[PDB]
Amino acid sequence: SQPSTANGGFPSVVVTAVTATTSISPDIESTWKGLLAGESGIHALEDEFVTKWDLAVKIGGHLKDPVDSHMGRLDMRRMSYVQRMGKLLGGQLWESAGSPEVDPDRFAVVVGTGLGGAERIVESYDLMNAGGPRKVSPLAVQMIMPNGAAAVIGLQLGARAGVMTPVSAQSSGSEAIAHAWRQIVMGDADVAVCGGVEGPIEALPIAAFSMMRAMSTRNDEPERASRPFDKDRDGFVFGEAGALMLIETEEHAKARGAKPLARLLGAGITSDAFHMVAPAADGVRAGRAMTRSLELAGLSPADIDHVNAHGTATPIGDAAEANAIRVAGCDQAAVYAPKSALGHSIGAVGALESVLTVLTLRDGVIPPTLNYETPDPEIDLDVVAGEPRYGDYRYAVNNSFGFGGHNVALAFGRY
């Protein structure tokens, strides 16, 4: 019969450290306290690029503490932005873990991102148009390539059991943690740094998503604009983030005296084959990704206390995900939609929300979904709102979905 975590057919895998930088704080613990106190990272954008172009979207969450105030002169010339973000979070995470001395040959890195060092593409293009091929940096290829942030972290921390970069648009950061889990349970690694990084809010990304008519334009009240599951939602809001976690076998963690924050029990990856940029309405394949993570974990849907929803606040996205949660039999879980406060960080967001799922399990508390004011009869979920919801949560699923029809669900447990 089928290997599961519960039946011992997969080894036990624990989360032993987390790190993130957000529009609320550069410190994940302070981001967590702010979320619980009802704080939002979303504000009026003050960038001159908003005025230069008169963008229809004038709201978003920049990082509280910009990555580049941490970067040396050479990093600014030799790395793309997602690489600098990767380096920053990778060193923070390692220090957080107690700087363990691990076997490099049993250590993997899996880090997702939406695009890569795309600013270096436009830089290279301009440099060559103005001055010819000899003006392109000899570092352009390694700064641009989308595996470049994962590679930087792997080099920095010494990972020799693989360095992988799954890209699946807005599920990339979750999918990275899924593949790290597979690398460990298939025997390829005992320890893995995983998660996601993403570029900052800029004019061209805004322009491109805005032309999809995907984004909230509630510019006069920025903190109220992101309303996942609310009746009056009008699209997503960008909120910058990067997040990594350290996962390892329980035996590896025990042998070095690490204190686990949670367990990572299983991962489901499916696809819709429905539309390139809208989720299937029926939620069936998305609900199957949740169900698969439960099969691998050895759990039933009634075990699931908590769902951390992808919850983008688009009208059709939230409706599809509500249907997916019912398909999976998880619609009596308490649901949190963290994009209500942190906005959408695209290739990083699944990793950020998996970190938040881990903290919910460690601490016994789910923050309030901001802006949740008018229940939507198509949604019919238990959306935590108003104040935090306390409980002894045993098991939780984190959802992420991505343009291309990608569905990723991760099942975590209390340690």
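Throughout, we count residues from 1 along the sequence that is shown.
Asks: As stated in the PDB record, which stretch has the larger average Cα B-factor, 327 to 335 or 97 to 105?
Replies: The recorded data point to 97 to 105.
Asks: Using the B-factors recorded in the PDB entry, average over the C-alpha atoms of 221 to 229 and of 169 to 177, then report which stretch comes out higher.
Replies: The entry gives the higher C-alpha B-factor average to 221 to 229.
Asks: Choose from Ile269, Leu342, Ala255, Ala322 the residue with the greatest Cα B-factor as stated in the PDB record.
Replies: Of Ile269, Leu342, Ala255, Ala322, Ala255 has the highest C-alpha B-factor.
Asks: Checking the record values for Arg120, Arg84, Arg134, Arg292, which has the greatest CA B factor?
Replies: Highest CA B-factor of the listed options: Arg134.
Asks: When the modelled residues of the chain are sorted by Cα temperature factor, does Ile153 land in the lowest, middle or highest third?
Replies: Ranked within chain, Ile153 CA B lands in the middle tercile.
Asks: Rank-wise, by C-alpha B-factor, drop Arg78 into the lowest, middle or highest third of its chain.
Replies: According to the entry, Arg78 has a C-alpha B-factor in the chain's highest third.
Asks: Of the three thirds of its chain by CA temperature factor, lowest, middle or highest, which one includes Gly402?
Replies: Lowest third of the chain for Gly402's C-alpha B-factor.
Asks: Looking at the C-alpha B-factor of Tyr125, is it in the lowest, middle or highest third of its chain?
Replies: Ranked within chain, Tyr125 CA B lands in the highest tercile.
Asks: Taking the chain's C-alpha temperature factors as the reference, tell me which third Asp190 falls into: lowest, middle or highest.
Replies: Its C-alpha B-factor belongs to the middle third of this chain's values.
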